[PDB]
Amino acid sequence: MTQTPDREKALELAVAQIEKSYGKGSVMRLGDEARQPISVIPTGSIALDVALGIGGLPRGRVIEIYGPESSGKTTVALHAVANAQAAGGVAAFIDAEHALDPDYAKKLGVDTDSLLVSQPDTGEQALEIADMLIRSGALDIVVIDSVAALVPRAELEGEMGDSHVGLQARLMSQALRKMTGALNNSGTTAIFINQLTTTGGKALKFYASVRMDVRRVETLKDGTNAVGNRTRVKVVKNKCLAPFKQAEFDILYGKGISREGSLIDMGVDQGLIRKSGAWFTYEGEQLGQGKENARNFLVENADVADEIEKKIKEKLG
Ligand SMILES: Nc1ncnc2c1ncn2[C@@H]1O[C@H](COP(=O)(O)OP(=O)(O)OP(O)(O)=S)[C@@H](O)[C@H]1O
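Reading the sequence shown from the start, the letters are residues 1 to 196, 209 to 329 in the deposited numbering.
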């Protein structure tokens, strides 16, 4: 085929016709600029926000965060909550692990007091409770802790002959379908924490519109012991912007995600902040000597912090 121009035009209608029936994120080029909506739940880390493309989590979708135990998910999730919350939004927390610490959550910015919590007996109850709580069209964000802890009724009792094995993947399958509808039809985004899959996974893997692979990189040293960690997240799936994009941020013990720290790391890799060796400078005057001093600077001089964060959004968005 001695073609050339008439190709790019035909390929247009291809994609064009693909999206028209399968959705707008069905086909993409890893290079495509990202589409951008009105609502988006900031994750609390400008780095990851600019790796999700839309600058934060997508409403009306189902998000999946998975990875080793003690990676960062619940933090990354609780943050999403604090944001959705600080915008006058209401959130619920479906607990199947019984491992939430409000003091921490509160430090991150969660308004625990008005944080709706639920602790289901069986897995179905947990998902059925999340359903209506979703159909009310009142919740902004809902997070189910552990897709691996939602044991079906059967297993929880004595089981049945009929045909068992793989009761979750079904409990999930069924659930996910009935739910997907109410989600992308109410504007409530739902987060599913997965503990490192094949569990109830499969189902979710596909329904999920954004899949996050969270993992700890190093144990952030601090001259002393260990303030926080160096988490690395990678959107393995993302129907809202080109996927396979990754980000890294710090999680200070008891402090949570270091917004400021991200402000700096993104700052330098965007030319807005300079590095005169150990020295962190920003458009003239100095920020400090060493990322921590820098961070410690931004944390209090919160007035400038916002300036920098503001500009990075005018630079990429
Ligand atoms: N209650 C807490 N108090 C102090 N630090 C915490 C607390 N919960 C989490 N962290 C820190 O945050 C990081 C892990 O976030 P987690 O909430 O454990 O998320 P995961 O998403 O890692 O969670 P499991 O799956 O580990 S709860 C680590 O660096 C922890 O030290």
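C-beta: ideal position from N, C-alpha, C; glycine also.
Among the options, nearest to residue i - alpha-carbon criterion
i: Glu260; options: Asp225, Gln298, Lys267 and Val147; result: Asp225
i: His98; options: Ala34, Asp315 and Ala148; result: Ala148
i: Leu30; options: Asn185, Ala254 and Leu196; result: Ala254
i: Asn241; options: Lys249, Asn313 and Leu264; result: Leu264
i: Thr209; options: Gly67, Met1 and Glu19; result: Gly67
i: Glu69; options: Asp162, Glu157, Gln195 and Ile38; result: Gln195
i: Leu57; options: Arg223, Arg228, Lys325 and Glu319; result: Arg223
i: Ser146; options: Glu312, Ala314, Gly212 and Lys217; result: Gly212
i: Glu321; options: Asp234, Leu216, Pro42 and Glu19; result: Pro42
i: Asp234; options: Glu304, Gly44 and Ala317; result: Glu304
i: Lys214; options: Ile193, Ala238 and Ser173; result: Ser173
i: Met28; options: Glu12, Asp262, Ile38 and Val40; result: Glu12
i: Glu64; options: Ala14, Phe192, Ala87 and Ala10; result: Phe192
i: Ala91; options: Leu115, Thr74, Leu100 and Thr75; result: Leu115
Contacts around residue i, its chain only, beta-carbon distance under 8 Å, and the 5 residues preceding and following it disregarded
i: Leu328; result: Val50 and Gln282
i: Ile134; result: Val142, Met179, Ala182, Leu183, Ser186, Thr188 and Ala190
i: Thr293; result: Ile285, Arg286, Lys287 and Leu299
i: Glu230; result: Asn241 and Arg242
i: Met160; result: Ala154
i: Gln301; result: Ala290, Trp291 and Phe292
Contacts around residue i, its chain only, beta-carbon distance under 7 Å, and the 5 residues preceding and following it disregarded
i: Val110; result: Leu78, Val81, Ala82 and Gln85
i: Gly89; result: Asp140 and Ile141
i: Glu155; result: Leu167
i: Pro152; result: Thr122, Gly123, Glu124, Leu167, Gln168 and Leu171
i: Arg307; result: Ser270, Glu272, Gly273 and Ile276
i: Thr180; result: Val62 and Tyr219
i: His164; result: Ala154
i: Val239; result: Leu232, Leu264 and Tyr265
i: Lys249; result: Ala220, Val222, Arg223 and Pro255
i: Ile54; result: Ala34, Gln36, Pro37, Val40, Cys252 and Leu253
Residue i (DSSP reduced to helix, strand or coil)
i: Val40; result: coil
i: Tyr294; result: strand
i: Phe256; result: coil
i: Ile269; result: strand
i: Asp281; result: coil
i: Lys246; result: strand
i: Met132; result: helix
i: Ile54; result: coil
i: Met160; result: coil
i: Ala92; result: strand
i: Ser274; result: helix
i: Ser70; result: coil
i: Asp318; result: helix
i: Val147; result: coil
i: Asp262; result: strand
i: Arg7; result: helix
i: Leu167; result: coil
i: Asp32; result: coil
i: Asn308; result: helix
i: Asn184; result: coil
i: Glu155; result: coil
i: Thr236; result: coil
i: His98; result: coil
i: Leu78; result: helix
i: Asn83; result: helix
Same chain, Cβ closer than 6 Å to residue i, five either side skipped, listed in chain order
i: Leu150; result: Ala96, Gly123 and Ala126
i: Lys257; result: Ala51 and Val247
i: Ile94; result: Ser118, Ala126, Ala130 and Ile144
i: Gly187; result: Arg59 and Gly60
i: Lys251; result: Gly25 and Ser221
i: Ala105; result: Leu78 and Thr112
i: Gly137; result: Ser186
i: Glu319; result: none
i: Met278; result: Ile46, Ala47 and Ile324
For residue i: DSSP bridge partner residues
i: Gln301; result: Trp291
i: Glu64; result: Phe192 and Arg223
i: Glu230; result: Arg242
i: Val117; result: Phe93
i: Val27; result: Bridge partners of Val27: none, in fact.
i: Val110; result: According to DSSP, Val110 bridges with nothing at all.
i: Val142; result: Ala92 and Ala190
i: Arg286; result: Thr293
Heavy atom of ligand 2 within 8 Å of residue i beta-carbon
i: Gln3; result: Ligands displayed in this structure: ligand 1; ligand 2 is not among them.
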